[PDB]
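Asker:
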Amino acid sequence: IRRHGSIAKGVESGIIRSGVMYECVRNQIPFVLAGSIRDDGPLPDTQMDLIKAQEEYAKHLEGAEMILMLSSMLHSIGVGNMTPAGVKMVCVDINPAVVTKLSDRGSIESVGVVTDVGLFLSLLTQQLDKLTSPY
Amino acid sequence: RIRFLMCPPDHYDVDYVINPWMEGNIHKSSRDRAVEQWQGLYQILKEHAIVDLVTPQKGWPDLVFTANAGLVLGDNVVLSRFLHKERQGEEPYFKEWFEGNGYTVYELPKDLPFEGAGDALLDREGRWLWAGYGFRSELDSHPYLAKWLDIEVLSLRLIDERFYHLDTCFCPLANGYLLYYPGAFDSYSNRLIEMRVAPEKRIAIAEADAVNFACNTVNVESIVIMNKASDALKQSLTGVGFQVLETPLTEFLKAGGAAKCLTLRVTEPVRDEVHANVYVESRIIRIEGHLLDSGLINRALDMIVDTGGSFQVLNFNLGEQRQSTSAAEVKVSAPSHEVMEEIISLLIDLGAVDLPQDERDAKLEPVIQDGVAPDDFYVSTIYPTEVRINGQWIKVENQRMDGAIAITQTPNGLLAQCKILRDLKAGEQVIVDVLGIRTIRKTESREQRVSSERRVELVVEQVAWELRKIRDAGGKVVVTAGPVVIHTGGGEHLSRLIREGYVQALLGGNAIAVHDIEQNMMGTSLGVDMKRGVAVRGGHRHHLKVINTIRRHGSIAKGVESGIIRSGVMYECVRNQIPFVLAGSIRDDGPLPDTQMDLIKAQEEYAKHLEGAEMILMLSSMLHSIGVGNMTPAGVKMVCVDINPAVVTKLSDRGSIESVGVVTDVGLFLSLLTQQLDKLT
Amino acid sequence: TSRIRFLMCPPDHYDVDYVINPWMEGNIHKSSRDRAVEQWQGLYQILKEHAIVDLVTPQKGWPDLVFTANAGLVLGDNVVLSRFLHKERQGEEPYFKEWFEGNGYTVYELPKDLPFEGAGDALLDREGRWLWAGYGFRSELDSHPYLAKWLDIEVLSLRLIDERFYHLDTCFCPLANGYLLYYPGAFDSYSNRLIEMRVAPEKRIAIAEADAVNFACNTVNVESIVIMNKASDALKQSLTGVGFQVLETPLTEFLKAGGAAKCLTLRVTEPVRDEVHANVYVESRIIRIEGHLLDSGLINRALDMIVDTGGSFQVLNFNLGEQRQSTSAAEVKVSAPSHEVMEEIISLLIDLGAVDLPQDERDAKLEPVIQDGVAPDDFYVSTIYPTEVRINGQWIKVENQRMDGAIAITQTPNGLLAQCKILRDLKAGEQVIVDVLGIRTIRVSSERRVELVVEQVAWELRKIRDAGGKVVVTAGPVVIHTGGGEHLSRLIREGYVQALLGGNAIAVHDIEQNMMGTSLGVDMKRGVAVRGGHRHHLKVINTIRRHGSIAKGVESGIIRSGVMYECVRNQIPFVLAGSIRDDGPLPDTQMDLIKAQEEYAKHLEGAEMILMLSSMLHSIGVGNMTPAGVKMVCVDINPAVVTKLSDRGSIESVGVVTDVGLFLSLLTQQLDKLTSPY
Amino acid sequence: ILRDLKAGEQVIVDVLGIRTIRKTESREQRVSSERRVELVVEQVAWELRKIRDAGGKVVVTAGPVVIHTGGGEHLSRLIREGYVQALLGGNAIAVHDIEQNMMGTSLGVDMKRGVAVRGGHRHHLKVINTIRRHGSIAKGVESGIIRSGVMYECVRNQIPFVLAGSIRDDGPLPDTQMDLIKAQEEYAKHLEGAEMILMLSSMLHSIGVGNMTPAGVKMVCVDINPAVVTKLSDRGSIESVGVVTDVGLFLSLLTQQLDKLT
Ligand SMILES: NC(=O)c1ccc[n+]([C@@H]2O[C@H](COP(=O)([O-])OP(=O)(O)OC[C@H]3O[C@@H](n4cnc5c(N)ncnc54)[C@H](O)[C@@H]3O)[C@@H](O)[C@H]2O)c1
Ligand SMILES: NC(=O)c1ccc[n+]([C@@H]2O[C@H](COP(=O)([O-])OP(=O)(O)OC[C@H]3O[C@@H](n4cnc5c(N)ncnc54)[C@H](O)[C@@H]3O)[C@@H](O)[C@H]2O)c1
Ligand SMILES: NCCC[C@H](N)C(=O)O
Ligand SMILES: NCCC[C@H](N)C(=O)O
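Protein chains in written order, with the entry's author numbering: chain A, 564 to 698; chain B, 4 to 452, 464 to 695; chain A', 2 to 444, 464 to 698; chain B', 423 to 452, 464 to 695. A prime marks a further copy of an entry chain.
#1: Count the other CB atoms, across all protein chains shown, that sit within 10 Å of the CB of residue 427 of chain B'; report buried if there are 16 or more and exposed otherwise.
#2: Run the CB neighbour count on residue 662 of chain A, radius 10 Å, all protein chains shown included, and call it buried at 16 or more, exposed below.
#3: What's the C-alpha gap between residue 376 of chain A' and residue 555 of chain A'?
#4: Distance cutoff 9 Å, beta carbons only. Does residue 296 of chain B sit that close to anything in chain A'?
#5: For a test of the three-state rule: what should DSSP assign to residue 318 of chain A', helix, strand or coil?
#6: Which one or two residues does DSSP pair with residue 412 of chain B in a beta bridge?
#7: Kindly say whether residue 253 of chain B, judged by its beta-carbon, lies nearer than 9 Å to any beta-carbon of chain B'.
#8: Could you compute how far the alpha carbon of residue 137 of chain B sits from the alpha carbon of residue 212 of chain B?
#9: For residue 627 of chain B, which of helix, strand or coil comes out of DSSP?
#10: Can you tell me whether residue 6 of chain B is helix, strand or coil according to DSSP?
#11: Compare the beta carbon distance of residue 543 of chain B and residue 582 of chain B with 9 Å and say whether it is the shorter of the two.
#12: Candidates B:105, B:327, B:411, B:88: which alpha carbon is nearest residue 19 of chain B's?
#13: What does the Cβ neighbour count give for residue 4 of chain A', buried or exposed, with the cut at 16 atoms within 10 Å?
#14: Spatial neighbours of residue 633 of chain A within its chain, please: C-beta separation below 7 Å, excluding the five flanking residues on both sides.
#15: Is residue 678 of chain A close to chain A'? Criterion is C-beta to C-beta, closer than 9 Å.
#16: Quick one: does residue 231 of chain A' have its CB under 9 Å from some CB of chain A?
#17: Just tell me which of B':668, B':628, B':501 has its CA closest to the CA of residue 482 of chain B'.
#18: Is the CB of residue 681 of chain B under 9 Å away from at least one CB in chain B'?
#19: List the residues of chain B that residue 670 of chain B' touches, going by C-beta distances under 9 Å, in chain order.
#20: CB-CB under 6 Å to residue 166 of chain A', same chain, minus the five flanking residues each way: which ones, in chain order?
#21: Taking a cut of 9 Å between CB atoms, which residues from the segment 576-609 of chain B' lie near chain B?
#22: Going along chain B' in order, which residues have a C-beta closer than 8 Å to the C-beta of residue 385 of chain A'?
#23: Thinking residue 265 of chain B and residue 97 of chain B are a contact (beta carbons under 8 Å), I'd like their distance in whole angstroms, please.
#24: Determine the direct distance from the alpha carbon of residue 685 of chain A to that of residue 692 of chain A, and round the result to whole angstroms.
#25: For residue 551 of chain B, which of helix, strand or coil comes out of DSSP?
#26: If the cut is a Cβ gap below 9 Å, which residues of chain A' does residue 687 of chain A touch?
#27: At 4 residues or longer, and completely inside the segment 488-517 of chain B: list those alpha helix (DSSP H) runs for me, N to C.
#28: What does residue 472 of chain B touch in chain B' if you count any residue whose Cβ is under 8 Å from its own?
#29: Give a yes or no on whether the C-beta atoms belonging to residue 356 of chain B and residue 286 of chain B are separated by under 9 Å.
#30: Could you tell me the distance, in whole angstroms, from the CA atom of residue 519 of chain B to the CA atom of residue 613 of chain B?
#31: Going along chain A, which residues have a C-beta under 7 Å from residue 27 of chain A'?
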């Protein structure tokens, strides 16, 4: 990816053909990769100026009606701190302590579930299918 | 010519239970060893002073505890009003004695408990009064004390029920010395103590001495009298010219009292300067909603008391139906302005409001240094907020938690916007204090809410030994640490390790530094009470205040140099010139100016200090532990402590010969570590 | 009286201007007034083909005036005018009121601040026999007796528990000929039981979530015609199968605000029968509670308890106390939808120190024990707290206090004796306290891993069944607590389980879940509760002991479904091994553990596979008895348990760390997939 | 199994003439703060001495994790010096405590290095066979083969114990009550008058004892699983205190803080 210069060029060149990042690129979903101290590389797309990363996070959080926080303590807290009340928040993690901390804006705003995030996503998509079947 | 008031144990007993020491001891009193122990005190004291006596009375066995009779200064005395009715009958007899010895007697309202010199201790040079509260004396009696004794009153809060009276854990001595037990007081009170009493005059005793009622000491000039003392106590007392005289008082420890409690000095130092000074503040707030069933009113009262204030519910208007709204007016008291601010901030969230005639404009202060808020800036929350500017309520924009509120006059009118600290610009007006702020949350929003210990001791033995060997051999040890080190009490121990040569470099993030500094500067740590071991809900003001302050001084080193940072992990790093790196993170508040937010550079800096390392100590940092791991070649001993068994396993790919791991409490680990290190000399 | 007339209101001033239900969230000003006008005209015009439609004058600033269903409730010449919970709709009331007055109705008005939102929340039985009335989100329970008296009709109360279905007419729809279109998941266990008692199974059309979120229950039924927003064709076939004609007309612009066809209409010509008169099942009891109510938050805890259990309240007075440390006193009128719910509520308030007002004190009710070790029906269940009971106008202390017993009153030389006894100690001829009168107290494996073990285990189970081999299940009560019971009973009914080994607990809770929809008082419809009473639990144990066995409970008809039911009906042998913490126990439970081990061993003979579902004590017991060569499948959320059980290696031990319920859910759905090439 | 053997049967001893016939592939294969904790210990220790001086009644329920974690010696000490008027448990705690004192092992656990071990069954069954031979634990002690540990101290100071059977029991010991109706009656009998109940990693026996125990009884629940500690605290913060740690750790602190009180 570093040789190509970006994730998008990896998609344009044909070497990335499927997956999460692929779909963000092909459907033009904006994404932000915030750097960390343990990053390998990193990818060219990754923002290693964290002042900027926070600002980009904040910009993309404007107008959000809902935030899905999938098994990511460092990033979910980062996002919580930037988010005003009134935004539905869904926190998925296997550690009960993480979910407890993130879920403290109460039932009408904080929904927490302690489960494997993969199983959760599997049930979520299969549930979304069920809502489609009366067409 | 000093006079003490005492009362003979002729009808002494434990008839009932009103403090924890009395538990079980009902009718377990030996009147004769009581009589004889009481004599020992009596006789010793007449060898140094005049002793007057109260006529003992059948049916009031606690009359022997004359320290609670009242509080005497000059010709004035404030009569004790007892909380428990088991002792209220003592009041006429104590009153009779005071009036028969010429004193002007002041009596508190019959609803303000106050329990005498036993709960309120004079500074022996007579400069101020230390009044306690928490269990027996109400906070709201303190301004009556100042008014009537014409003296400066300093409020201390009692948090441990064992030390339910101030004189059981606090004891002013001759020539400015203080015998106190810091663990009976909350963080705000300990801070008050340290700022009035210079460190060389402070005598903090251990828990062992304190449960033998060591603070419950009569001090007559250079003579101190008490029940028992460890010789570690006798050593310090003599070390500044105090002669310690012991005498058994065990039969009275069973009702809850010792030497001090059995006496009341009625000859006290009236000074020169003194005049009435009280720091206690009071405010009436109003709360409206479904108070009884939302548990709204009940959560408000909890925030008030837990933060260190008191309340009086002045009136309740009950709505006519379940869906009718109710209203409550509540008088709030705080021991200082700072604690009142803490309390009003939490209440603003719950939607408490000023009475509409006491509405006032928010207070404003200019920014003068880019990225630094003025002192005492209000800390924003996640909730929708209005502020009052020249008589008008204005909506705050870009609402976010842990920010400040900036006010501007624009071509389009008044603008109130929430800004994080580092975005503030010289010239902006910022809300300080807590007037003219309310929340506009809607109804329903407001109405709602694996490793063995013995295994562990094994590892500690192993690590400790290899850790000294490396220090003697002039080697290099690196530490990576997360905030859980602070939260669990590990801080003092890591301070100690750095101070005594075990740590050549420290690698962490923003949070560990902010939390360590918060804890040393204010005795708190956001999200955690490190004086009782469980989590707490608020704490954001203390946290942002530390961030704003270090940003003001411009670095941690200048915080230390300027003397505002006097202790703890980061302090020791600066004092012993131990290099530290703080690598930024996406979740960082502020950040501190020391924090490296360029992560390419942060990685280069981490690598630079890892060179030559012979051991790496990884203390609950997970993210920084892995980062350091990737950078570290083989041949480097790696010790990984974390409570999550998943990260400890994640960090041990170097086999049982280079990496050792344990799944416990890192504070526990660092205690054992520091103990086992002491046994090695 | 054969001409049908409806009230509606055109959308001239309609938009979503605020949020007062979950549907409006995120939809402020997202209504297309063109599609809204066109969609309302579709419904208006279809309706005029079958009925009379009158119109209210639309009004600026009151967009939800189009939902005339909430205007009020009409029966004959009387209407109860609705009072809205939210002020955003309260300005509608005068316009509705004047429409009703202009059309000659007698208008009854509830007390101010007592919410009731009309036919939207109260639905008449189509033959006019009674009125179904909802509560939980908008209407107050205490509105219901007003409806019964003023409209002169029997009123049945239903508790809504899902905020998406905040009005009865979004999830419940009485139809011609006694049929009922409804969504069970919108209701608590009591309410579902009440629905099933009044409407025969062949008359119930329970719909699926996919239909409910399209507002399929929000249906206008004229005669054999049903009009709605959208129906899946499974729902069309069910409805047309019993003779209804389904008319669809899109109403999505109105779904954005939380309403559809039925919400947009109000029938003002309703069937009035002379033999139909006022009847109330709602009960109320004034209660008194004292202490530091504001500090300890006791008042808050009790009110929350009343509302969680299905009841309501009204604080009649609150006395602060005249000095700072003095106690507070509150008198609270508590109400419940039935006598049964009032007993669960009063039991919880007793446990907390609530007492009767002096003038309301009554003696405890007593019933005799006719069979040793069996209490009479509706015996009071005791707590840990010290307890006094009123016998013959006098209060006496209860001895040997212990939770989960009965209170036996007996005569002795010198005086009356009240003692707490566990059920099995009760003796014939003893009097036992029933009802709640005259009682008071004094102060982890990855997704891919899980999916691969499920594939492997399902293929294994199908294979053993087809070959006529033997599979044994060991299970603990967590299978039921977490929600996995119906998956296990399905395994047992479809032939995958040849023997079940367990304990007293799993049988008690499975039978509790199937008789009363609760497990340890936790309603499965809601997920969890503020804990839950032991009454349901104890009634089960008592009822089975009276019958004499689980099988007799099935023969008698009181156990109709569940794990134990399937074992009995398919003759799957089971063994219930006793333990030190057993309540009761059930008669079926083996309390001689030498024998229990021998029975376990006998049933383990020939086993090719053992499913160990979340049961450490029993799974280890079973492991020790089982030779190598038996496939073993261990499911538990604690990694340590699974590690210990899985030490016969990969070819024999399969372990997965996951919730046993989810596991069973994936297992059954996997077994279905293996069936679909037939 | 041992209890099915009959006088006259021949039984294999030693290890000659035994082989396994496993097939190829079969053979070729294979939340609570520390400081919080020190708080509770301080509280429990103090209330525990107060009750002992006042001649009160303290009951202990204990599971094998007490032995495995090193807690044994400390519980021995508590019983020996008057803090425990009754002991309630199961088969396993007794077998493990006796195994450990008699052979310094404990099935499934190495209590000299703090991690689990794989074998240990011979030592375990040998203890069971031996006590069954003497016919009771008291006669094991009297005959001098049991010289130390929890069950030893119970017998030496005449502290009543109940061992309630379980479906997983090996043996069982002849002392173990396998009639659970009776076992419940026996537990209840010794819980009368109790002023405190100390619940040391027993979960199953802790709940059993809980159901039987009226209010006004102080209940201390130590377990490493945070789920059972929460399960046992329905008596509010004034009657039930709980901690989520190592029970051996707990009992060490407890015994240390008890020493500081003299
Ligand atoms: N190759 C690289 O460059 C690299 C590699 C690793 C991490 N990083 C960076 O380190 C930072 C930390 O990443 P993070 O947010 O994943 O760590 P995190 O500390 O925030 O932990 C994520 C959470 O997932 C939970 N968890 C574990 N298994 C789970 C499961 N099955 N289901 C649900 N939850 C589960 C954990 O309890 C944790 O709270 C990231 O920003 C990351 O990009 C970079
Ligand atoms: N009412 C009664 O009479 C009654 C009540 C309770 C227990 N008992 C008896 O006590 C004995 C102990 O019962 P037990 O076997 O259930 O206890 P157990 O100690 O054996 O624990 C069962 C296991 O389930 C695990 N667990 C918890 N939640 C889980 C989840 N979602 N998914 C998967 N695993 C989960 C636990 O880690 C545990 O290892 C039983 O014999 C029981 O009948 C009787
Ligand atoms: N300061 C000693 C007071 C002791 C007395 N029994 C009391 O509880 O007030
Ligand atoms: N069933 C119609 C009610 C819909 C309306 N918007 C409300 O929230 O009341």
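Note that CB positions come from ideal geometry on N, CA and C, so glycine has one too.
Answerer: Put simply:
#1: Residue 427 of chain B' should be labelled exposed.
#2: Under this definition residue 662 of chain A is a buried residue.
#3: Approximately 13 Å between the Cα atoms of the pair.
#4: yes
#5: Annotated three-state conformation of residue 318 of chain A' is strand, per DSSP.
#6: B:417
#7: no
#8: 22 Å
#9: coil
#10: In this structure, residue 6 of chain B counts as strand in the three-state DSSP scheme.
#11: The answer is no: Cβ separation not under 9 Å.
#12: Nearest to residue 19 of chain B by C-alpha distance, out of B:105, B:327, B:411, B:88, is B:88.
#13: It is exposed - the Cβ of residue 4 of chain A' has fewer than 16 other Cβ atoms within 10 Å.
#14: 655, 680
#15: yes
#16: yes
#17: Proximity to residue 482 of chain B' across B':668, B':628, B':501 peaks at B':628, based on C-alpha coordinates.
#18: yes
#19: In chain order: nothing, as chain B lies at least about 12 Å away.
#20: Closer than 6 Å at the Cβ level, and outside the excluded window around residue 166 of chain A', lie 172, 187.
#21: Considering only beta carbons, no part of the segment 576-609 of chain B' lies closer than 9 Å to chain B.
#22: 646, 647, 648, 668
#23: About 14 Å separates the CB atoms of residue 265 of chain B and residue 97 of chain B; that is not less than 8 Å, and the two are not in contact.
#24: 11 Å
#25: coil
#26: Neighbours of residue 687 of chain A on chain A': none; closest Cβ ~12 Å, over 9 Å.
#27: 498-501, 505-513
#28: 546, 547
#29: no
#30: Residue 519 of chain B and residue 613 of chain B: Cα-Cα distance of roughly 19 Å.
#31: Ordered by position in chain A, the residues that pass the 7 Å Cβ test against residue 27 of chain A' are 628.
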